[PDB]
Participant: 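If you scroll down you'll find the structure; I have some questions about it.
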Amino acid sequence: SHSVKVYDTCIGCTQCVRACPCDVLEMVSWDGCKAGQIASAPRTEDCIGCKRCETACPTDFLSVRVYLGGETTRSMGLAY
Amino acid sequence: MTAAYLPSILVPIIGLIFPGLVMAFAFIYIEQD
Amino acid sequence: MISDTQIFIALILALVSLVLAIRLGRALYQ
Amino acid sequence: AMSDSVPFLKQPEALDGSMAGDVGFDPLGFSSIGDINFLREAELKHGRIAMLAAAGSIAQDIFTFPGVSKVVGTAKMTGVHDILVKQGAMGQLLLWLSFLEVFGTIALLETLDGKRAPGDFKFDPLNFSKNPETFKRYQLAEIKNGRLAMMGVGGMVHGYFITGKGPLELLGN
Amino acid sequence: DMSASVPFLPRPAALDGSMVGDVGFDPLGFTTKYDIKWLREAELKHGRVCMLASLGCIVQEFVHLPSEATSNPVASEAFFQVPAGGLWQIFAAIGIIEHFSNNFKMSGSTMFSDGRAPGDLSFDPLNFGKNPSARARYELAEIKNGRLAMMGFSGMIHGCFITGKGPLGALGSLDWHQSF
Amino acid sequence: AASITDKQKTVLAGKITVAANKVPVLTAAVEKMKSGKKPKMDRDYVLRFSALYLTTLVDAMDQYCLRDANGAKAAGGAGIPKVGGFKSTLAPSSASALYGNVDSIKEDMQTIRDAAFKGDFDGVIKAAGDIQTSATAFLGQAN
Amino acid sequence: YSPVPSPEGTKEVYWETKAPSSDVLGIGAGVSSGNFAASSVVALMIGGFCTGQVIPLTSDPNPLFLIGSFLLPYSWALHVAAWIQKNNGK
Amino acid sequence: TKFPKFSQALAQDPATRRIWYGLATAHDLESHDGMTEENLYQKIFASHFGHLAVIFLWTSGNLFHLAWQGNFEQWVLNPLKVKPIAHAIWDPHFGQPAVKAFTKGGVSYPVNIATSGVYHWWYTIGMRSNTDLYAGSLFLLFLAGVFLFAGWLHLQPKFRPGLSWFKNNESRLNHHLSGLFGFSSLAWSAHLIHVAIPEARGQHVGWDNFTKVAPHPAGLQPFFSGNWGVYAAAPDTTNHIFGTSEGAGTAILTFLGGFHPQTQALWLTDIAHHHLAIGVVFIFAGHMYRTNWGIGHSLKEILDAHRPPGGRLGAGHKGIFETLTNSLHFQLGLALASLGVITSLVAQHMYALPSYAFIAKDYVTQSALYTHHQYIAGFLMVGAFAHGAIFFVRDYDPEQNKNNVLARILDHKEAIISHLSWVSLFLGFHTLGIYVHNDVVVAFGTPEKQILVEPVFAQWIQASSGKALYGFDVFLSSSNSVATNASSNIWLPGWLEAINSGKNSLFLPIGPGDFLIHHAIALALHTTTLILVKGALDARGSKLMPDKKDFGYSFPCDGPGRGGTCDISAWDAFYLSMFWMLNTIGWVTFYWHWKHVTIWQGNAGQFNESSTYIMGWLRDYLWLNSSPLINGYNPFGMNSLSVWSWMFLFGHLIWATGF
Ligand code: CLA
Ligand code: CLA
Ligand code: CLA
Ligand code: CLA
Ligand code: CLA
Ligand SMILES: CC1=C(C#C/C(C)=C/C=C/C(C)=C/C=C/C=C(C)/C=C/C=C(\C)C#CC2=C(C)C[C@@H](O)CC2(C)C)C(C)(C)C[C@H](O)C1
Ligand SMILES: CC1=CCCC(C)(C)[C@H]1/C=C/C(C)=C/C=C/C(C)=C/C=C/C=C(C)/C=C/C=C(C)/C=C/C1=C(C)CCCC1(C)C
Ligand SMILES: CCCCCCCCCCCCO[C@H]1O[C@H](CO)[C@@H](O[C@H]2O[C@H](CO)[C@@H](O)[C@H](O)[C@H]2O)[C@H](O)[C@H]1O
């Protein structure tokens, strides 16, 4: 599966979670930013690797990062 | 050419039997669990 | 020129090299 | 602390006086470059080879071995070397001395580790170092005669080069 | 401390005196690089082959089996005069002896597992060996005669190359007078 | 039952046979040079043919004669081949009776060389035929 | 990763001062700067003389002048060592 | 699925990608599952043994296929007229006219005509028959078997070497310089003196007689006597016929210079003294580093001590020792760069100064050899920069390289890349402008208005080597110069005769077309260097991707965000630079082949007048010389060129498929 990391530069804008087509990311409680929330990736086995979350991230260099790894049926987006 | 039978013996073997057996055994090797 | 026996000797040496190459390939494959 | 041999010069740092013939003579400072044990082993080898060479030059003026006079004719000193390179004497001696010097290479390798005195091959078949003062006296005499024989061989061979006579043929007239 | 044969060199650490024929003579340090048991087995095999070879050169110079192929007194020319098939039979018999006496263990590591003492092929048909005081002296005499025969066969075959007369013939034809 | 010396003799005889059968290639080549629209002698071709084939023929014949005269000391009983040092314990190769053809072919080689420098086609042809006959005589005499 | 091996006696000779330490001269670490400078001048003179003797090179060059010609590039390293020892207080 | 047993991630791939990626990462041992450094080095050692065995088997196959199906014994007799045979053809898809048309070389079966030049090489080094060719093939089979067994053995337990043995720089440098370079060169000099030169002089020397046939009549007595110049006396006469004693000399070591007047190749005695001198110099080089006996240099001390005290290089070369020893990619980049330079050098110096007899008259062989080794050179240089980029991704530790030369390269990478970009744009703008200017002004009927710059710098260099064509009268082209007087007794007559005769490729005359094509070559080299250096230095990160080192050396992209990141990895810079490498070797080989084809035809003025504009290259080189190739088969028949006529089209197909 692909690996998705969220670094502590996250401002909790929830844009990466809204951009995710595969429901990989979610918002959890945090105290490191003014929004009081940070992104997390509990479901990276469903990650296709499209990097729409990285496109959605507004922080100078990204807070959410996708590292493409081992390809599975889900990560390759195969309907067969 | 001395031993002129050797091209007509070995060229069909090397060009058709060797790749067929290699492709078959490599297929079995790469597809087996 | 070269005789049939000389070609056969070269073929035997090549077969020995084939056996040694198979052994090296198996050793490298662990 | 000035050197005893050269009084207007500073004593060399690598010369302690513990070695035979050490008078502190090193104006050019060669002992600072090389290991002193390597240098002393070289000095002893040059001196012993020169002692044998000086004695040989004198003896080959004195007499010749049976049959040598036809092989070499009248071509004394270094002139025989080429002739006996055409014959097999020089090659045989070179082979056997090369064997001995392979073992001398092992001995020098043991000297450089501090586990062998320079020039010490422990060759005293007829025991003369029976007393530690005679040992020092014989060490001083060996190093002095080695240096004297080095310069004597130089003199004998270069005088032969000029004259063609030999060490004792020159003194004959 | 210092080796007995070479006083100015230290005694080799592998040669502690348990092995027979030891005067501490390993100046080049082959014992540090190679196993002592393999070197002793090699020394005994080289020495035994040279013992047979020196005896062979001496007896073949004087007496031979009756044929014209076997008639050459010189050993080196005898090797080329005799039929090659018998030489191949000699080679094959040596090979089967090598395979059998070693009990089919011929590698350096493999000979000494289930290990026999070096040079012992369990061959003693007359059984002089059984007395130990005779045994040790026999061991020392075998190692010294093997070394001496190695030197003797080397001299004999190279003298056969130089002279072409055979060993006693070369010794009798040493020339006091030579031109060079 | 054959010795090593006999095996070396058979190897040398095979070499002599091969070079003797190579010679008519030079014969046909020189006849093609002569039977041309502009007949010119390829001197270099004749010289290289000589230096390969006639030289290896002469060398193999010389080695056969050396093994014939001396015997087992010429097959390796005197050691490695040497130049200088010690003393040759071998009889000269001229002592073999078979050396006469070896003396003939060599001089014919010089004839060939001279003819190759002279342009004489028929000299090359006749000396090559003489070399063939002397090789046949050597091979049928040596057995 | 794994330890990179060096020959026995390898020391740290990295320098940021005016001159390197004398250890960079190896066996010549104990030679004074005056001896180095004198040997450099002598080596330049002998090497230039020997080279000028062998510049019209023939098929039989003198081996002594050939050996002595190599002292001319030796003299460069000698004056560098002279500067090093002079700025090392030696 | 367990085909990629070295990659668990690949083995669980459910698609056809698994087979491809297992094939493509099989020899990338550092990325394999659970790879340790010791196992990595041992596998590399055995693989190197296997590649050596492959090389020996290939050479033995060339020797065997020649000894069996070639015409080497016929070619030795008439080297300038007989076409050399590579191997026989047995193709059941042939018709009878193809069997007839490939029956060449004086034999009765279809053959391919050799272009590798192995005939000239083997003939020059003393092989004369098919028997010694066959014996060499057997020996190389045995040697390949020995190296296969060694590769197997040095992987067996109690023979696997440790990491301290593999990272022993001083011992490997001393042994490979003194023995692998020095003693091999000395032994080759021995082979030339003992075997090759006597066979060149019509005397057979083999294993059966080389201990009794002295290389020189005086023997080793002049060598042991110090009278070495005796070996230079009586050289081969200018009337010497190669392979015969006619006009042969007795010298074994000369410095004659120039070419043998018949073979048009370098004197074999000159080659023997060359390899002897190279052996002596390299053995002296191989006693430099300390291994076990106190004397010798330490590589770490040399590297750490060479910091310039002005501080312009920062910390100097401190830390480079560990960085180079710990990184196999640094070592591979250095080795590939040096090899690529030297195979370019081989390509230039072997056409200019051929060493094999009669190979300068084999035009197909010279063209094939130059093109082959120059394409090998381009591949090697691209590989050097690629594996340097891999070193920056995988092995570069910045904290271990503080203020180092490597760190300062990384700290002024923007200046380096920008100045490379400037020099590439400079060269390309003005070189293409001069070519297009010449094209337009020649098309409008006024070739006298062309911008034709004489290459006076390289002509001055040629005159400094003694070329009297340009009238520069400097160094060796001046009869009163100290450089002329210095070499006048040793090599100057033969060299001056070879450089001033217009019968060879020794310092060929050059004009404005040569000027333009070297400046185009300078453009292509600088641009390929720009791509490769920009890939290596941005491999760890850029402004568009500051964490690129976290993604490895090769990855597709970083997605369409941040403007789009197609081809952002350093592997993609390798991929882009491959096209530029193909372009530059194309330009170089086009120049070489067109200049040599016009010179060999006796029509060098065609190159001199047509190379100054691009239409001349398209019409007088590509279109004009394509006619026998495209007529290898036609509706009227076929001939032996038909296979090339096929392969040509084959190439035009697969290239397009790449698109
Ligand atoms: C120069 C110093 C020196 C000395 C004092 C000795 C002394 C000795 N060696 Mg020795 N040896 C030497 C150098 C020396 N060796 C060298 C350089 C080699 C070559 C590496 C050898 C190789 C060698 C072998 C192989 C053997 C000896 C043996 C012996 C002992 C028998 C006595 C003898 O004459 O044999 C000397 C025989 C030789 C072949 C060596 C000749 C070399 C010179 C000429 C040394 C002369 C030795 C001297 C005459 C004896 C002095 C005896 C002393 C105790 C009073 C004796 C203790 C034998 C022994 O008993 O060991 C168990 C033996 O088997 N040596
Ligand atoms: C290192 C041991 C050694 C030594 C010093 C010698 C010494 C000698 N041998 Mg010998 N030899 C040896 C081992 C040795 N051999 C071995 C192991 C074999 C093979 C089983 C031979 C086979 C042999 C033959 C067939 C001949 C000699 C001959 C000679 C003499 C002249 C040298 C020669 O032609 O090259 C030696 C030739 C070889 C094929 C030996 C090569 C193999 C060894 C290991 C290398 C030894 C080279 C040696 C250092 C050379 C020293 C002499 C040098 C000063 C010129 C010389 C006395 C010749 C002779 O007696 O002339 C009348 C001769 O015809 N030898
Ligand atoms: C080096 C490899 C090689 C070799 C030796 C051959 C050999 C041959 N090809 Mg060719 N071919 C090859 C590669 C090769 N091809 C490739 C790569 C292609 C693709 C471009 C083609 C495409 C091709 C075509 C399109 C045709 C040939 C034909 C032929 C035959 C020549 C005409 C003839 O007399 O047939 C007479 C034929 C026979 C007497 C029948 C022979 C039947 C064989 C002996 C049965 C073998 C069974 C099998 C291999 C057993 C092993 C299976 C195992 C590997 C799994 C001949 C057998 C022609 C032909 O006749 O095909 C039969 C033909 O039409 N080839
Ligand atoms: C760029 C080339 C280069 C350089 C700079 C060096 C530099 C050095 N090498 Mg190296 N080397 C090289 C290439 C090089 N090498 C190559 C190519 C090889 C091998 C083929 C070697 C092999 C090598 C070895 C094996 C060793 C060195 C060593 C050394 C060091 C010794 C310094 C020295 O000689 O002081 C010596 C000092 C002097 C010569 C001063 C002269 C003393 C007095 C003043 C004499 C003059 C007296 C008077 C004025 C003259 C008249 C005399 C008359 C009365 C007789 C030095 C750092 C040695 C070392 O230390 O290793 C680290 C060492 O063991 N090198
Ligand atoms: C004939 C084809 C061609 C041409 C002309 C270029 C040209 C260029 N490439 Mg390039 N390239 C090509 C094919 C080509 N490439 C291919 C197939 C690949 C493989 C994918 C690459 C890969 C590649 C890489 C990877 C790099 C380049 C770089 C460069 C530039 C520097 C080299 C140079 O000469 O600068 C001089 C520039 C030129 C000769 C361009 C032509 C300028 C024209 C003639 C000016 C006139 C414009 C005209 C008036 C406009 C009028 C239009 C209007 C009427 C509509 C340059 C823009 C490098 C770069 O950017 O360096 C800075 C670089 O990094 N290229
Ligand atoms: C140690 C070892 C021992 C051994 C031993 C060895 C054998 C001991 C022998 C050592 C011998 C060889 C000593 C030689 C000395 C030479 C002298 C110094 C020089 C004269 C040269 C100068 C004066 C001069 C010259 C002159 C000029 C230039 C030219 C001429 O016109 C005139 C002239 C000639 C006057 C033994 C075995 C006994 C036992 C012991 O248990 C161990
Ligand atoms: C990127 C990558 C990352 C890190 C690893 C890495 C591999 C190190 C790196 C890549 C580095 C890359 C691979 C570098 C590749 C580099 C290039 C190919 C090096 C070429 C050097 C030419 C030298 C200076 C010889 C010049 C000739 C001169 C001295 C001659 C003068 C004279 C001679 C004597 C004789 C007469 C002529 C004249 C002219 C009078
Ligand atoms: C001790 C201080 C000085 C040492 C100098 C040593 C110089 C180098 C020695 C050379 C090797 C030994 O050389 C000694 O054996 C050689 C054996 O081939 C002899 O060489 C002889 O035989 C060779 C082989 O057939 C011939 O090619 C030679 O022409 C012939 O001279 C030398 O003539 C002899 O002197």
Side-chain angles (χ1 to χ4, degrees), chain E residues 53-54 56-94 152-180, chain F residues 1-19 56-99 102 138-143:
Chain E
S54 299
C57 293
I58 295 171
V59 304
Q60 298 169 80
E61 193 196 17
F62 289 116
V63 65
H64 41 87
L65 303 158
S67 178
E68 192 65 31
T70 53
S71 283
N72 210 317
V74 182
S76 49
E77 312 176 2
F79 185 79
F80 292 92
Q81 204 159 276
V82 299
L87 289 172
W88 283 115
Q89 291 181 358
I90 287 176
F91 191 69
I94 287 161
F153 176 69
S154 307
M156 262 178 269
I157 193 64
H158 272 83
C160 285
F161 292 145
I162 296 153
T163 67
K165 289 152 173 292
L168 273 297
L171 189 50
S173 164
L174 284 189
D175 211 334
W176 256 127
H177 322 303
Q178 302 167 36
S179 160
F180 24 55
Chain F
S3 48
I4 296 175
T5 307
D6 296 332
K7 285 193 177 190
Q8 296 186 358
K9 280 200 160 91
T10 56
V11 169
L12 289 165
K15 286 176 166 49
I16 287 153
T17 306
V18 162
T56 191
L57 190 141
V58 161
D59 282 7
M61 271 180 184
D62 195 0
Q63 286 296 291
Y64 204 105
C65 286
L66 186 82
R67 265 146 203 84
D68 182 64
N70 293 279
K73 64 174 71 175
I80 67 165
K82 290 178 289 294
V83 62
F86 304 103
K87 173 58 68 155
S88 64
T89 176
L90 260 59
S93 178
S94 63
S96 195
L98 278 79
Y99 205 72
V102 191
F138 187 86
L139 284 168
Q141 168 155 93
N143 314 317

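In what follows, chains carry the letters A, B, and so on, assigned in the order in which the sequence lines appear, proteins first and then strands, with residues in each chain numbered from 1.
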Participant: With only heavy atoms counted, which part of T89(F) is less than 4.5 Å from chain E, the side chain, the backbone, both or neither?
Facilitator: side chain

Participant: Please classify the contact of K7(F) with chain E as side chain, backbone, both or neither, using a heavy-atom distance under 4.5 Å.
Facilitator: side chain

Participant: Relative to chain F, which of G164(E), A84(E), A69(E) shows the most heavy atom pairs under 4.5 Å?
Facilitator: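 Of the options given, most contacts go to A84(E).
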
Participant: Verify, without hydrogens or angle tests, whether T5(F) (side chain) and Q81(E) (backbone) share a donor-acceptor contact under 3.5 angstrom.
Facilitator: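 Side chain of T5(F) to backbone of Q81(E), a donor-acceptor pair under 3.5 Å: no, none is there.
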
Participant: Please report the closest heavy-atom contact between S76(E) and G77(F), naming both atoms and the distance.
Facilitator: OG-O, 2.8 Å

Participant: Which bit of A75(F) comes within less than 4.5 Å of chain E, counting heavy atoms only: side chain, backbone, both or neither?
Facilitator: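 For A75(F), the contact with chain E is made by backbone and side chain together.
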
Participant: Measuring heavy-atom distances to chain F, does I157(E) have an atom under 4.5 Å in its side chain, in its backbone, in both, or in neither?
Facilitator: neither

